[PDB]
Amino acid sequence: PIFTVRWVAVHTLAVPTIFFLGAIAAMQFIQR
Amino acid sequence: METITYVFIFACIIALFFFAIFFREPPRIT
Amino acid sequence: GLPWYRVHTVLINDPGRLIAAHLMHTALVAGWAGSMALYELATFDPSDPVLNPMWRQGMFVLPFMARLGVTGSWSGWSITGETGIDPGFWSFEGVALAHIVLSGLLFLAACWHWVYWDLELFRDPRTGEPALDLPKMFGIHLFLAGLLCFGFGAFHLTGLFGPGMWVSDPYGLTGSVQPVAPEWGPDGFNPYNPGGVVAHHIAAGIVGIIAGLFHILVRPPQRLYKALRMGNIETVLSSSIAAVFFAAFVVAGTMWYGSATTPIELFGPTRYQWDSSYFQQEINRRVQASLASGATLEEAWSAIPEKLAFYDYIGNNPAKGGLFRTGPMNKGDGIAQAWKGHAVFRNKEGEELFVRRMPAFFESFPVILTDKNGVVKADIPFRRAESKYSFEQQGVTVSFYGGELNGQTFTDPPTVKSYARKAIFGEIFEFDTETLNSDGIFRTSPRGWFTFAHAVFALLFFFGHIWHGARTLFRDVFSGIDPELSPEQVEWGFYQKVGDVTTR
Amino acid sequence: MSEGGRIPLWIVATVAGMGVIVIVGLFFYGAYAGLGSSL
Amino acid sequence: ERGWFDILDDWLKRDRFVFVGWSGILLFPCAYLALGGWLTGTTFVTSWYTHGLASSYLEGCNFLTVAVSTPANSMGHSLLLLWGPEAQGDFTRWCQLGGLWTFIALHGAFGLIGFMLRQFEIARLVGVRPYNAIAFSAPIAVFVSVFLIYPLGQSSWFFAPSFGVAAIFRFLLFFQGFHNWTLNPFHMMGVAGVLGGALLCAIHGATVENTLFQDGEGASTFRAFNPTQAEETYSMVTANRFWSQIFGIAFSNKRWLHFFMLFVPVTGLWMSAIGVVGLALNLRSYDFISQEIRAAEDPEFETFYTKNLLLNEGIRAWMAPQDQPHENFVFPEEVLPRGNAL
Amino acid sequence: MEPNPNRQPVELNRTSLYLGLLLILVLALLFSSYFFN
Amino acid sequence: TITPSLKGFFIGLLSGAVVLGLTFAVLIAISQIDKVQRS
Amino acid sequence: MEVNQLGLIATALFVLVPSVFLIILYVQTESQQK
Amino acid sequence: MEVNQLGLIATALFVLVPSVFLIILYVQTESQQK
Amino acid sequence: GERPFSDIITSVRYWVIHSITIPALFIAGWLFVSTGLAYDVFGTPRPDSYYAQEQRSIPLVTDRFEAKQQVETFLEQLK
Amino acid sequence: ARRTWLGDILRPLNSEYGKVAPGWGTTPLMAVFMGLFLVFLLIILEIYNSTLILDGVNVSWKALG
Amino acid sequence: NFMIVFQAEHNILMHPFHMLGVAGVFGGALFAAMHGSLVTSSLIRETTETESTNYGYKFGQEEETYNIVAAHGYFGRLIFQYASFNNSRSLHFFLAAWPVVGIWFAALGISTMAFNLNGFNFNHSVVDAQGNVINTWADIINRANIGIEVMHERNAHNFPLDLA
Ligand code: CLA
Ligand code: CLA
Ligand code: CLA
Ligand code: CLA
Ligand SMILES: CC1=C(/C=C/C(C)=C/C=C/C(C)=C/C=C/C=C(C)/C=C/C=C(C)/C=C/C2=C(C)CCCC2(C)C)C(C)(C)CCC1
Ligand SMILES: CC1=C(/C=C/C(C)=C/C=C/C(C)=C/C=C/C=C(C)/C=C/C=C(C)/C=C/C2=C(C)CCCC2(C)C)C(C)(C)CCC1
Ligand SMILES: CCCCCCCCCCCCO[C@@H]1O[C@H](CO)[C@@H](O[C@H]2O[C@H](CO)[C@@H](O)[C@H](O)[C@H]2O)[C@H](O)[C@H]1O
Ligand SMILES: CCCCCCCS[C@@H]1O[C@H](CO)[C@@H](O)[C@H](O)[C@H]1O
Ligand SMILES: CCCCCCCS[C@@H]1O[C@H](CO)[C@@H](O)[C@H](O)[C@H]1O
Ligand SMILES: [Cl-]
Ligand SMILES: [Mg+2]
């Protein structure tokens with residue numbers, strides 16, 4: 001497979017961002 | 001003496017404004 | 001013509017006049033040291049190293065003379081409180097005199113080098129252009145620096161041929177100049193071990209001699225010569241400024257936290273000794289040992305040295321000052337005269353209460369008294385209509401042990417409250433507030449002023465490093481970029497490698 | 001498969017924006033329910 | 001046969017979408033970890049054990065109240081390394097002890113070094129003077145003085161700013177109540193440089209946009225510009241006459257104009273950094289001694305200066321017990337300073 | 001002496017005089033209160 | 001003797017060397033496979 | 001008001017020394033051959 | 001010694017004002033074309 | 001020399017790949033919270049774990065070098 | 001330019017302006033020493049910081065424990 | 001004094017229009033330094049090593065004095081190419097718009113807190129399973145606000161609420 005610097009830079013930001021957004025979405029349904 | 005000092009500096013600034021505007025280096029197209 | 005901020009660039013291609021300007025700068029700095037010492041000697045009161053040491057009096061260069069072994073005056077006193085001492089020539093006055101004479105000699109040498117700038121030594125024999133072989137100069141100067149560093153450590157600090165350095169006990173009670181042996185184990189890297197200072201100068205000195213010889217004998221790699229512009233004296237200014245702001249941050253740090261080279265009898269205590277109640281713990285330890293040995297309470301506290309009690313007082317904390325509160329600490333709370341003794345507060349049931357001390361952060365602080373478990377038992381109220389803990393309601397009294405007021409008890413509430421207000425500052429002292437017309441507002445010590453100046457200068461010298469480093473590496477574009485800059489060299493797509501015309 | 005513009009950019013932008021609105025709207029809903037609602 | 005160093009230099013400086021460079025070897029990991037640490041901490045990590053505070057989305061905070069908070073005061077100025085003697089390699093305990101604060105501060109510092117190095121490296125490769133790097137020294141002076149020198153002068157990292165929106169607002173009010181920081185002339189010069197810089201930004205952009213030459217037929221005028229054109233796109237002569245007649249003075253030199261736009265905000269931030277270095281030592285511009293002597297003797301003498309000190313005294317007494325929990329302050333109701341009724 | 005070839009004339013134009021005097025006077029207006037204290 | 005914090009110091013040192021060593025080995029390897037072409 | 005007695009001399013020299021430096025440079029620029 | 005507090009500023013300006021006047025005049029003489 | 005982003009994100013191949021990976025990452029993050037794992041990785045108190053039932057005091061760390069053991073003691077006092 | 005007695009003596013020490021060793025020269029050895037120096041600074045920093053704690057090294061004014 | 005009282009009475013720091021104001025002046029200062037440095041970075045060489053580079057521009061000259069293509073080539077590599085302005089008219093519109101809009105919002109912040117629509121209030125927003133408040137940094141701000149509130153105009157209030 002051929003990976004470029006741009007591809008790497010994009011996904012180091014994009015992949016955690018989606019994971020974090022799913023985590024924060026789930027948090028909206030936590031009750032004390 | 002401190003009031004005199006403050007008013008003196010202020011007055012020097014106002015004088016500088018006057019010279020900076022009316023006695024400026026004239027802008028010249030060359 | 002040259003703009004005002006570039007006038008000194010006339011020295012860049014003139015080694016003789018650069019030397020002259022450096023001589024003049026050296027003359028000014030040496031003259032400052034001499035005149036500063038004379039001013040301090042004309043103002044310093046040597047009569048009480050216990051409650052009026054130099055760091056209460058705004059003394060800045062006196063501690064640096066004392067740190068390296070100059071402790072006596074030609075007039076017969078020493079900074080440890082001795083009388084009838086003979087310091088020889090190297091008294092505080094002799095040091096000042098030597099710096100003044102040095103200043104004049106440097107001034108004269110500057111004149112000669114300014115007039116006779118065109119020395120054959122400064123010309124490259126092949127080109128006849130002015131030329132300094134900066135790599136070899138570095139070796140020469142590093143070798144000399146190593147020799148001096150080694151000799152300072154091996155002869156002066158050891159006392160082998162010289163006076164030693166200032167050392168003291170952990171509570172700054174018994175300081176004096178002593179010979180110090182080098183510490184060659186891991187504790188030599190403990191900043192509080194003076195033997196590590198001796199070992200450092202011996203070992204780094206030897207390393208400086210060896211590296212100096214290397215730099216005298218081995219030419220720079222062509223790769224480094226070109227990359228660091230070693231033909232350009234401004235490269236040396238850039239990296240020298242960097243080393244100097246590094247050193248300046250280090251001396252600011254060790255002054256603020258304390259080390260074996262910033263002793264508390266010369267620069268005053270640190271703020272962290274108040275934060276951690278360092279002196280209060282030692283005072284209590286001694287009192288408890290006295291009590292456990294059968295002493296009465298009056299005897300136990302009377303055994304506490306005045307000097308120890310004085311360190312346990314927030315007016316000596318260097319983090320209590322103000323940027324425009326100028327002068328000696330004595331100008332604020334006064335010239336300390338005597339310890340009043342230890343105040344013990346009690347309520348009408350006889351329980352001992354403790355005044356909550358002021359943290360350094362607070363310009364003002366309430367008066368609150370707790371029992372030994374921290375339960376509030378009394379205070380000075382603001383609103384009175386719902387007061388429950390007033391000294392009047394709780395019958396608060398104060399008794400003194402040791403000091404001027406030893407054996408006395410006060411019950412008048414305004415008087416008890418007055419002493420409680422002093423107790424938030426720690427141990428209570430009597431001050432002369434008239435001699436200097438003191439204003440009652442805390443000032444920092446030379447420990448504080450040194451730290452401030454050197455942290456500020458260090459940060460400013462970071463800009464100087466960046467600036468001259470840029471001018472060195474971008475010398476070719478300092479007047480602007482090439483008028484016909486290839487649009488392919490800055491646009492995208494033309495070159496594979498940025499800034500490489502051969503990868504088009 | 002890799003040809004650009006098979007899916008019009010105006011549709012990509014509209015759907016993506018609606019996704020942003022939905023997720024941000026969910027976060028504002030969560031300011032009034034569950035943890036952080038003061039209730 | 002070239003040599004591995006030059007071959008690496010070639011690849012690092014390839015013209016690509018994201019320039020890398022030698023500087024990128026420092027910049028990209030440290031910037032990514034500083035940013036990633038902040039997002040991780042504000043999303044998942046508490047401040048219960050260091051501050052008695054909730055501070056993450058997981059706990060119910062919102063974007064304005066999340067933070068990565070400083071370690072407890074009892075940590076002193078510990079580097080708080082993951083493998084250090086406090087956390088001893090335990091990632092969970094490290095987070096609970098505040099290790100993400102020093103993680104972010106230190107990777108952030110080295111990332112800023114990497115970025116300034118990137119500015120130098122790109123300027124050298126493209127062949128421009130490195131003034132952008134020089135201007136960036138002001139952000140660096142601010143970060144270093146505020147996030148490193150200031151806590152290093154105080155008792156511990158605890159009193160550094162915490163990395164969060166509301167946490168930073170708390171830092172502002174702390175500096176008012178404890179340092180009287182608004183009275184400090186170095187802060188005042190900083191304010192002048194920031195507001196003066198914003199003024200220059202607005203007035204220069206507005207002046208250019210309203211002295212444009214008509215270089216096209218469109219009523220929207222952006223299309224009538226060509227990057228390669230030799231001619232100025234607006235009239236310096238007409239702009240100079242306008243401001244000379246409106247305000248009394250005007251720029252006449254475009255080079256000075258643009259240097260001055262750099263000089264003003266850069267110098268202002270540098271001055272504010274100096275004042276904070278003083279505040280590291282509590283070397284405040286807190287009082288005017290002559291004012292205090294007069295007010296202490298004359299209970300009818302009042303100025304806005306004495307009025308603001310009363311506010312500071314309120315800030316200190318009412319915020320310190322919860323803001324400095326390691327002190328275990330208990331201030332009985334009767335000692336709290338307060339005016340009538342309120 | 002033979003003349004030193006590294007000398008250069010120095011200049012300060014009128015605008016720079018006005019800018020510098022403004023800087024000095026305003027710095028003085030700012031700092032004087034703290035000097036009197 | 002080797003205290004726990006000295007053991008930690010060596011762990012941090014070796015960890016940093018590994019990060020730097022791997023980074024440069026990778027960058028060097030990439031730069032060698034993917035060379036620029038010159039005339 | 002009980003101000004610091006050195007405030008007057010400090011302010012005077014703070015103004016005078018750099019202002020005079022600039023006046024010296026300006027006047028000797030004007031007098032140079034045009 | 002209880003000296004007059006204005007003696008310092010009086011002496012400083014007595015020296016500085018005329019000295020500066022002469023330095024200004026001297027320097028702009030030197031900068032004139034030779 | 002690389003393809004413009006607008007070509008990539010308007011291609012079918014881009015959306016075939018990311019119609020799987022983007023929801024998968026979103027769901028994994030959701031589960032990271034909903035399983036409670038996020039609490040235990042980072043040491044964040046659950047809503048019932050800030051205080052013990054009787055005391056109302058903050059478990060503030062006061063010991064630099066035994067802070068780790070001090071937190072471990074504050075946590076054992078909850079259950 | 002003026003020759004002097006002391007200038008004639010110092011002449012060799014300012015005679016090799018611009019002279020370089022070929023290529024990378026001793027740069028590798030220099031890098032090693034820089035690496036050692038960095039580790040040394042890290043050690044004394046972490047000792048002062050109480051991140052590195054050594055037997056018999058009590059970083060305090062007091063020498064007890 | 002005005003600012004500190006305002007913070008106690010409106011929590012202006014927690015108001016989004018003041019936040020936009022701060023972005024306006026922080027961003028205006030940033031963009032001023034940025035624009036100033038980029039133009040200064042790419043001035044065309046027109047002066048000798050002695051004189052100020054400012055003499056390389058003559059008032060009213062027709063030609064541009066810096067290489068905007070060089071400036072763009074630097075800044076597009078500093079971030080990425082499409083993040084950089086190559087259109088000087090767009091660039092200068094942005095320089096005008098950012099601080100101006102930011103200060104418009106700042107002014108609207110004061111002008112709407114004038115009618116007591118105040119900054120966000122998250123005081124006691126976080127609550128544990130039993131009902132204990134878990135403080136956030138918003139609550140620490142509130143403690144400072146209270147300290148200002150109770151002290152300001154210390155002789156002027158007779159009744160328990162400061163309603164204007
Ligand atoms: C000629 C010899 C000489 C001697 C014996 C002294 C002696 C003294 N000086 Mg004077 N002085 C001298 C010349 C001398 N001075 C000159 C030429 C100047 C003008 C620069 C001064 C200006 C001066 C000032 C401003 C002050 C003194 C002070 C003092 C006293 C304290 C010294 C001190 O703390 O130094 C501390 C020295 C150091 C901490 C050394 C720093 C070395 C750096 C870190 C080395 C960095 C570069 C190096 C090459 C790195 C590589 C090293 C290599 C080995 C590995 C002491 C009486 C102090 C005083 O009390 O005045 C009354 C004081 O304030 N001196
Ligand atoms: C490293 C520098 C340094 C340090 C740390 C000290 C420290 C000390 N000095 Mg010494 N002194 C020094 C250098 C230093 N001195 C020099 C160079 C001189 C010759 C002028 C003196 C002459 C001197 C005298 C005559 C006296 C002292 C005294 C003292 C003590 C009181 C300090 C004080 O009140 O400062 C107050 C500090 C300030 C008010 C801060 C000033 C901040 C300036 C004005 C900021 C300027 C900003 C600038 C204009 C901004 C430009 C902006 C632009 C770039 C856009 C203290 C121990 C006093 C003492 O007690 O002696 C026994 C005393 O009487 N010193
Ligand atoms: C060893 C340290 C050192 C040395 C030898 C130099 C030397 C030089 N500098 Mg650098 N610089 C330094 C540190 C140093 N600098 C630091 C710390 C900073 C940040 C503050 C800078 C920022 C800087 C800039 C921005 C510029 C220079 C320039 C220059 C060149 C011309 C200087 C001149 O003509 O000024 C003449 C100065 C005056 C006529 C008056 C200055 C008055 C100052 C502002 C206040 C008074 C200072 C006071 C007298 C002494 C304090 C001493 C001590 C406390 C430090 C010259 C090579 C210039 C250059 O590159 O030219 C091509 C230039 O533009 N320097
Ligand atoms: C640009 C790269 C970079 C830099 C500069 C830093 C810097 C830092 N990191 Mg970060 N880190 C990075 C990338 C980086 N990191 C990456 C990619 C990761 C993910 C793996 C991390 C994960 C990480 C964690 C989890 C932590 C850090 C931490 C830190 C801090 C402490 C580091 C330390 O003590 O190392 C010490 C090790 C070295 C300095 C290695 C030096 C190797 C020397 C030079 C070799 C010398 C050899 C010599 C020449 C040989 C002599 C032989 C002899 C026989 C002659 C420091 C700010 C810590 C922190 O922030 O605590 C708050 C921390 O806990 N980092
Ligand atoms: C000639 C001669 C001689 C004589 C000599 C002498 C007598 C000398 C002197 C000298 C001197 C006597 C000197 C002095 C000097 C000083 C100085 C140099 C100072 C400076 C200062 C400064 C620089 C400051 C600054 C500041 C300020 C002002 C404020 C605050 C801040 C600061 C700090 C920054 C003899 C006989 C030997 C013989 C031989 C010859
Ligand atoms: C710390 C640490 C680390 C690291 C980590 C990392 C690196 C992470 C990353 C992370 C990340 C990277 C994350 C991200 C996230 C994101 C997010 C969470 C986002 C959000 C967003 C939003 C919400 C949006 C908003 C908005 C705006 C802002 C504007 C426009 C509009 C809107 C609304 C769209 C390690 C492992 C080394 C080690 C340990 C420690
Ligand atoms: C208390 C405040 C004290 C402040 C003191 C400030 C001192 C300032 C000194 C300014 C130095 C000016 O130094 C002066 O420079 C000019 C050039 O600019 C020189 O002038 C020289 O060059 C010019 C070129 O135009 C020729 O016309 C002139 O014939 C020639 O001699 C002077 O010979 C020199 O005396
Ligand atoms: C009404 C006075 C009560 C007597 C004892 C007061 C506390 S002690 C008192 O404190 C003063 C500073 O406030 C010092 O100047 C003074 O020397 C000292 O006697
Ligand atoms: C990672 C630190 C890099 C410091 C520079 C070391 C260069 S080292 C240098 O490298 C050349 C190949 O490039 C070899 O041909 C040469 O023999 C070698 O000495
Ligand atoms: Cl009312
Ligand atoms: Mg919720």
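Residues numbered from 1 in each chain as written, not as in the entry; some residues may be left out. Chains lettered and ligands numbered in written order. Part of a larger assembly, values for the part shown. Heavy atoms only, no water. Residues with missing side-chain atoms left out of burial classes, pairs and counts.

1. Comments concerning the overall build of chain F
Working step 1: Of the regular secondary structure elements, chain F holds 1 helix and 0 strands.
Working step 2: Considered along the principal axes of its C-alpha atoms, chain F spans approximately 55 × 25 × 10 Å. (Helix = DSSP H or I, 4+ residues; strand = E, 2+ residues; numbered from the N terminus.)

2. Considerations on the overall build of chain C
Working step 1: Looking only at helices and strands, chain C has 16 helices and 9 strands in total.
Working step 2: Against the 2.2 N^0.38 benchmark of 23 Å for 504 residues, chain C shows a C-alpha radius of gyration of 30 Å, more extended than a compact globule.
Working step 3: Seen through its principal axes, chain C has C-alpha atoms that stretch 95 × 65 × 50 Å. (Rg over C-alpha atoms; globule rule 2.2 N^0.38 Å.)

3. Describing the nonpolar core
Working step 1: Core analysis: the biggest nonpolar cluster contains 208 residues, and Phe 345 of chain C together with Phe 44 of chain E have the highest contact counts within it.
Working step 2: The element contributing the most residues to this core is helix α6 (residues 131-153) of chain E, with 14 residues.
Working step 3: Grouped together as the second largest cluster of nonpolar side chains are 22 residues, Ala 37, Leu 62, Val 177 and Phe 267 of chain C included. (Core = buried A, V, L, I, M, F, W, Y, C linked by side-chain atoms within 4.5 Å. Buried < 20%, exposed > 50% of the residue type's maximum accessible area, 1.4 Å probe, protein only.)

4. Looking at the side chain of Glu 334 of chain E
Working step 1: As for its position among the elements, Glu 334 of chain E is in the segment after α12 (304-323).
Working step 2: Although buried, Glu 334 of chain E forms no salt bridge, and the nearest oppositely charged side chain, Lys 388 of chain C, lies 7.0 Å from it.
Working step 3: In terms of polar contacts, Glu 334 of chain E uses its side chain to reach the backbone amide nitrogen of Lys 388 of chain C, at 2.7 Å.
Working step 4: The residues touching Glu 334 of chain E, leaving out its near neighbours within four places in the chain, are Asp 379, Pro 381, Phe 382, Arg 383, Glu 386, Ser 387, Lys 388, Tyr 389 and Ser 390 of chain C. (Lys, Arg positive; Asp, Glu negative; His and termini not counted. Salt bridge = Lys/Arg side-chain N within 4 Å of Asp/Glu carboxyl O. Polar contact = N/O pair within 3.5 Å; in protein donor to acceptor, adjacent residues only side chain to side chain. Contact = heavy atoms within 4.5 Å.)

5. What about the coordination of the magnesium atom of ligand 1?
Working step 1: No other protein atom reaches the magnesium atom of ligand 1 as a donor apart from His 99 of chain C (NE2), found 2.2 Å away.
Working step 2: Looking at the secondary structure, you find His 99 of chain C in helix α3 (residues 92-115). (Donors = N, O, S within 2.8 Å, 3.2 Å for Na, K, Ca; no water.)

6. Looking at the site of ligand 6
Working step 1: Not every one of the 16 residues close to ligand 6 is listed here, only the nearest: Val 24 of chain D together with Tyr 32, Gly 36, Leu 39 and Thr 40 of chain E.
Working step 2: Mapping the residues adjacent to ligand 6 onto the chains of the assembly identifies chains A, D and E.
Working step 3: Isolated, ligand 6 exposes 970 Å² of accessible area, and the fraction of that covered by the protein chains is 57%.
Working step 4: Going through the elements one at a time, α1 (5-27) of chain A, α1 (9-30) of chain D together with α2 (21-44) and α4 (91-97) of chain E are the ones with two or more residues in the shell around ligand 6.
Working step 5: Ranked by the residues each element gives to the shell around ligand 6, the list is headed by α2 of chain E, at 6 residues.
Working step 6: Tallied by class, residues from the shell around ligand 6 come to 12 nonpolar, 4 polar and no charged. (Near = heavy atom within 4 Å. Areas by Shrake-Rupley, 256 points an atom, 1.4 Å probe, with all protein chains shown as cover. Nonpolar A, V, L, I, M, F, W, Y, C, P; charged D, E, K, R; others polar.)

7. Overview of the interface of chain K and chain E
Working step 1: The interface is formed by 7 residues belonging to chain K together with 7 residues belonging to chain E.
Working step 2: Summing both partners gives a buried area of about 520 Å² for chain K against chain E, and 64% of it is carried by carbon and sulfur.
Working step 3: Considering only the side of chain K, the residues that lose the most area to chain E are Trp 24, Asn 49 and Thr 51 of chain K, jointly responsible for 71% of the buried surface there.
Working step 4: There are 0 salt bridges connecting chain K and chain E.
Working step 5: A class-by-class count of the residues in the side of chain K that touches chain E yields 3 nonpolar, 3 polar and 1 charged. (Buried area = accessible area lost by both parts, 1.4 Å probe.)

8. Describing the UniProt feature "transmembrane region" in chain C
Residues and elements named next belong to chain C.
Working step 1: This chain's UniProt record puts "transmembrane region" on residues 16-36, 94-115, 134-156, 196-217, 233-253 and 450-472.
Working step 2: Helix makes up 100% of residues 16-36 and strand 0%, whereas the separation of the span's terminal C-alpha atoms amounts to 30 Å.
Working step 3: In residues 134-156, helix accounts for 100% and strand for 0%; the two terminal C-alpha atoms are 31 Å from one another. (UniProt positions renumbered as here; feature names shortened; annotations may be inferred.)

9. Things to note about the coordination of the magnesium atom of ligand 4
Working step 1: One donor from the polypeptide reaches the magnesium atom of ligand 4: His 107 of chain E (NE2), at 2.2 Å.
Working step 2: With respect to the element layout, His 107 of chain E can be found in helix α5 (residues 99-126).

10. Quick word on the interface of chain L and chain E
Working step 1: Between chain L and chain E, the residue contacts involve 86 residues of the former and 91 residues of the latter.
Working step 2: For the side of chain L that touches chain E, the secondary-structure elements that each account for two or more residues are α1 (2-10), α2 (16-41), α3 (68-78), α4 (88-113) and α5 (137-151) of chain L.
Working step 3: Ranked by residues supplied to the side of chain L that touches chain E, first place goes to α2 of chain L with 17 residues.
Working step 4: Looking at the side of chain L that touches chain E, its residues break down into 46 nonpolar, 29 polar and 11 charged.

11. Quick look at the pattern of salt bridges
Working step 1: Counted under the stated rule, the structure contains 42 salt bridges over all chains.
Working step 2: Note that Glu 351 of chain C is salt-bridged to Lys 377 of chain C, the shortest N-O span being 3.7 Å. In this pair, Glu 351 of chain C sits in the loop between β3 (335-346) and β4 (352-355) while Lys 377 of chain C sits in strand β6 (residues 376-379), placing the two residues 26 residues apart along the sequence.
Working step 3: The class of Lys 377 of chain C is partly exposed, set by a relative accessible area of 24%.
Working step 4: One salt-bridge network, held together by shared partners, links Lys 497 and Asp 500 of chain C, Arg 2, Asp 9, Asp 10 and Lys 13 of chain E together with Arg 38 of chain G.

12. A few points about the UniProt feature "transmembrane region" in chain F
Working step 1: Those places that UniProt annotates as "transmembrane region" correspond, in this numbering, to residues 14-35 of chain F.
Working step 2: In residues 14-35 of chain F, helix accounts for 100% and strand for 0%; the two terminal C-alpha atoms are 30 Å from one another.

13. Some details on the site of ligand 2
Working step 1: If you check the shell around ligand 2, you find 22 residues, and the closest are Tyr 39, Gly 58, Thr 326, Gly 327 and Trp 449 of chain C.
Working step 2: What surrounds ligand 2 is not a single chain but chains C, E, F and H.
Working step 3: A distance of 3.0 Å separates an oxygen atom of ligand 2 from a polar side-chain atom of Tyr 39 of chain C.
Working step 4: Counting residues per element, the ones that place at least two in the shell around ligand 2 are α1 (15-43) and α15 (446-473) of chain C, α10 (254-279) of chain E together with α1 (14-36) of chain F.

14. Observations concerning the state of the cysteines
Linking two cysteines covalently through their sulfur atoms gives a disulfide.
Residues and elements named next belong to chain E.
Working step 1: In total, this model carries 0 disulfides over all chains according to the counting rule given.
Working step 2: The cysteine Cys 61 is free of any disulfide, with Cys 95 supplying the nearest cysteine sulfur at 16 Å.
Working step 3: Judged by relative accessible area, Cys 61 falls into the buried class, the value being 7%. (Disulfide = S-S within 2.5 Å.)

15. Notes on the packing of α10 of chain E against α2 of chain L
Working step 1: Packing of α10 of chain E against α2 of chain L brings their axes to within 7 Å, and their N-to-C directions diverge by 140°. In terms of their interaxial angle, α10 of chain E and α2 of chain L are classed as oblique. At the point where α10 of chain E passes α2 of chain L, the crossing takes the left-handed sense. Residues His 258, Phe 259, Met 261, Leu 262, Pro 265 and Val 266 of chain E of α10 of chain E lie in contact with α2 of chain L, whose contacting residues are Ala 29, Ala 32, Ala 33, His 35, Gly 36, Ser 37, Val 39 and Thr 40 of chain L. (Axes fitted to C-alpha atoms, helices over the stretch in contact; angles between N-to-C directions. Parallel < 35°, antiparallel > 145°, perpendicular 65-115°, else oblique. Left-handed = near helix turned anticlockwise from the far one by under 90°.)

16. Let's talk about the arrangement of the chains
Working step 1: Interchain contacts are distributed over 29 pairs of chains, and the most extensive set of them lies between chains E and L.
Working step 2: Over all C-alpha pairs, chain A and chain F never come within contact, reaching a minimum spacing of 46 Å.

17. A few points about the packing of aromatic side chains
Working step 1: Throughout the structure, instances matching the rule amount to 104 aromatic pairs over all chains.
Working step 2: Measuring from ring centre to ring centre gives 5.2 Å for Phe 288 of chain E and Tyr 34 of chain F, while their planes differ by 40°; the resulting arrangement is tilted. Of this pair, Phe 288 of chain E sits in the loop between α10 and α11 (289-297) while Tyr 34 of chain F sits in helix α1, placing the two residues on different chains. This pair shows no difference in class: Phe 288 of chain E is buried, exactly as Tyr 34 of chain F is.
Working step 3: The ring of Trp 11 of chain E carries the charged tip of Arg 16 of chain E above its face, separated from the ring centre by 4.3 Å.
Working step 4: Seen from the ring of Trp 492 of chain C, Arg 77 of chain L lies directly overhead, with NZ or CZ sitting 4.3 Å from the centre. (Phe/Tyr/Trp six-rings, centres within 6.5 Å; stacked < 30°, edge-to-face > 60°. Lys NZ or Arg CZ within 6 Å of the ring centre and 35° of its normal.)

18. Brief notes about the pairing of strand β9 (residues 428-432) of chain C
Residue and element names in this part refer to chain C.
Working step 1: Burial within β9 is extensive, with 4 of its 5 residues counted as buried.
Working step 2: As paired elements, β3 and β9 share 5 bridges and run antiparallel to each other. Bridge assignment links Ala 336 to a residue of β9, and that residue is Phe 431. (Pairing = 2+ DSSP bridges.)

19. So, unusual backbone geometry
Working step 1: For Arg 229 of chain C, which is not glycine, the phi torsion reads 55° and is therefore positive.
Working step 2: Residue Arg 229 of chain C is classed as partly exposed on the basis of its relative accessible area of 29%.
Working step 3: Unlike most non-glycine residues, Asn 328 of chain E shows phi in positive territory, near 55°.
Working step 4: By the secondary structure assignment, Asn 328 of chain E is in the segment after α12.
Working step 5: Accessibility expressed as a relative area gives 63% for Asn 328 of chain E, which makes it exposed.

20. Comments concerning the packing of α1 of chain L against α5 of chain L
Residues and elements named next belong to chain L.
Working step 1: One can describe the packing of α1 onto α5 by two numbers: an axis separation of 8 Å at closest approach and a directional angle of 120°. One finds that α1 runs oblique with respect to α5. Handedness of the α1/α5 crossing: left-handed. Along the contact surface, α1 presents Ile 4, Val 5, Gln 7 and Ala 8, while α5 presents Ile 141, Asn 145, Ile 148 and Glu 149.
Working step 2: In the contact of α1 with α5, the residues fall into 5 nonpolar, 2 polar and 1 charged.

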